[PDB]
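Below you'll find only one chain, the form deposited in one PDB entry, shown as structure tokens.
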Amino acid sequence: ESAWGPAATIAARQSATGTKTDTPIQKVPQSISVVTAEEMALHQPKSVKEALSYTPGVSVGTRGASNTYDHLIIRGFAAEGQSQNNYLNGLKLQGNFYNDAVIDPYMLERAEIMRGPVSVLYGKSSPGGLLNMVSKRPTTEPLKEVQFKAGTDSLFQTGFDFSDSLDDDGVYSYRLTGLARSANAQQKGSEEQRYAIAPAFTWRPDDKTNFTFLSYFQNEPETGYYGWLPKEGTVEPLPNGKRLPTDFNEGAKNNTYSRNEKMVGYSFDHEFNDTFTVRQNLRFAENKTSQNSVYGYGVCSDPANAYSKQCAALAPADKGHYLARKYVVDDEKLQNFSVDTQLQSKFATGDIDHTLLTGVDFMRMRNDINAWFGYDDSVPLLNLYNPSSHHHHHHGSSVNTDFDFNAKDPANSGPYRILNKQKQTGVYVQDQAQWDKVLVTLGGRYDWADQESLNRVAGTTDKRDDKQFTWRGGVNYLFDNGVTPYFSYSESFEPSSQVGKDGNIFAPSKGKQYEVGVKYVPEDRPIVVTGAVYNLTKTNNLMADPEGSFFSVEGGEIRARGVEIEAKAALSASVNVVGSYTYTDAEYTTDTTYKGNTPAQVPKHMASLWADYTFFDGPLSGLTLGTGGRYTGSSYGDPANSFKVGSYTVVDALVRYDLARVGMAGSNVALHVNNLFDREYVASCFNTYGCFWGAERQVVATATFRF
């Protein structure tokens, strides 16, 4: 098993996204989870976001049913500005504004999640939280796969995955992965369309050299729903005592959202001798996204719509059943270049063996944004009473009316045109010293984070250059019986793009995490079990100005302390299990407005458990039956902790059938169901006017043939 390739079992022993060197998980001083492609080929997840439902420390309902972005909250934290923090093949998919990219899970070999500070090896980053996906690479043996999907809300997907060698020595091999997917969103009127293909080529001049060209081209005409719904009609009842159906859509009938992605690069490695191996990962990408969207603001009686004329034109006891709305026309295009070069030195010192990594990381991102935002009375209002009727919870909500996205009344709306630039360069050094049953990891990195933003209207140009250092130190005790206790200290830093009263970009916020835990990776049986408790702190966060202005002030602080336990195993050639528990106690240490409050969208308790069984005997031979549940505790729906979103538990089911008994081994037919009991739940809210219905029960029929 290679950290950059398949793991023959649900549970992987090798990972390289925590130390940037192929290392067995037990030997890693930090919480690292690894979702195998096998696991994904088990729930047929719609996204990488989805594929992380059973992984501890990660919330994945920050948007409920929506899959426009794989935006995750890890250990209670996320990138500033609703930005993702996702890496692909060791290089960050730096997005900006609405320009964040997503890779389809079918093109992945494994999706990994690293909890806690990650700058010691990757540069600027939100504290406690990083996602790194590993593209599929040409396989060791021929692979000719064709897959067919069909499901709820008109889901139709056809995809292939082929990989073979051009020569008999395997010096030249390739892999072409592609898919076409179409479906209707949960919300009436909205569609999802995706076309993507991943061309990959591997060149092995010998057994010490590997150059692998990795590319991904994806076009999404319609990405789907991305609106906001009031807590009134979702979490809480509307005046008429009723609620909005989970399929309710408060967007213009003519809402449109698209994204285009193109990227080419490579993962290279060469072994010079017995102590020096060089590896370099490079990628260049140009992604675009545009949109005509009418999203919903709070209900007319929401503090938000206080200054809304349209709202202040209704009988005082009616402002609470009418929905305020706004809009945004967007069109962006960014280019992203990234290259990481590193030298791995292997040498000894007495009874101490060393694995020294030293490398430089570089990236440049440029994103040109040209959008238009509607304000308080930018768009009509929507009455919630009628769409709240039984007839709609019965026969469904109704598509609304078009909207003039062209009309840009200088009154209710305004232009937003910005040119964002970003550059980061870092040099890091780490060593993995092993003194027999003692493994000590220590390393540090220095980053040169430069940014520059041009406001094509204010004609302003805000720039800031951050020089920052972060290091991490940890130790793991290799108990020959599998258990591997460990503890470590790490740091992260995240630049601000905002500017204070002094017309200057704020200084970066930081991450300081203290963590200890134990990892059980028995060498005999194929089972992994990790457990950890930690104390993560994000210092110098932005908070409301005491003087009360339109600007924010720094110095704020938030602490996140909790416990995460996870288990993945192959308790049999017929039994498989995955489960985890998460305890997250995130709280505002220092803050003008929310001291002592817990950040929205992060539940205090989370747990999941999944198990599947396969038959090899009797008339049920080649039959797999699996099921599991995901628990999401209650959480707060706003910074003020005004109201709360209630907990919920969703059950998943699986029935797979090996198609061997028809002259087709390796091929199979399966039925996947998510939210078996079609439970109705508000996934979360980030504010009183921003709530998202969870996903309704979904059924998918899959037929994946292996030729």
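Take the two forms, superpose them, and find the largest set of C-alpha atoms that agree within 1.5 Å; that set is the rigid core. Residues that one form lacks are left out of the comparison. Numbering starts at 1 and follows the sequence shown.
There is also a form deposited in another entry; it is not shown, and the following applies to it.
Trainee: Please find the residue from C685, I10, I25, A695 showing a Cα shift of 2 angstroms or more between this form and the one not shown, rigid core superposed.
Mentor: Result of the comparison: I10.
Trainee: On a core-based superposition, does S572 travel 2 Å or more at its Cα between this form and the one not shown?
Mentor: Where the cores coincide, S572 still shows a C-alpha shift between this form and the one not shown that is 2 Å or more.
Trainee: Closer or farther: the C-alpha atoms of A11 and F211 in the other form, versus the form shown, with a change of 3 angstroms or more?
Mentor: It is closer: in the other form, the C-alpha atoms of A11 and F211 lie at least 3 Å nearer than they do here.
Trainee: Is the CA-CA spacing of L91 and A7 tighter or wider in the other form than here, given a 3 Å or more change?
Mentor: It is farther: the C-alpha separation of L91 and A7 rises by at least 3 Å in the other form.
Trainee: Looking only at residues found in both forms, which runs of 3 or more have C-alpha shifts of at least 2 Å between this form and the one not shown after a core fit?
Mentor: Shifted segments: 1-11, 570-573.
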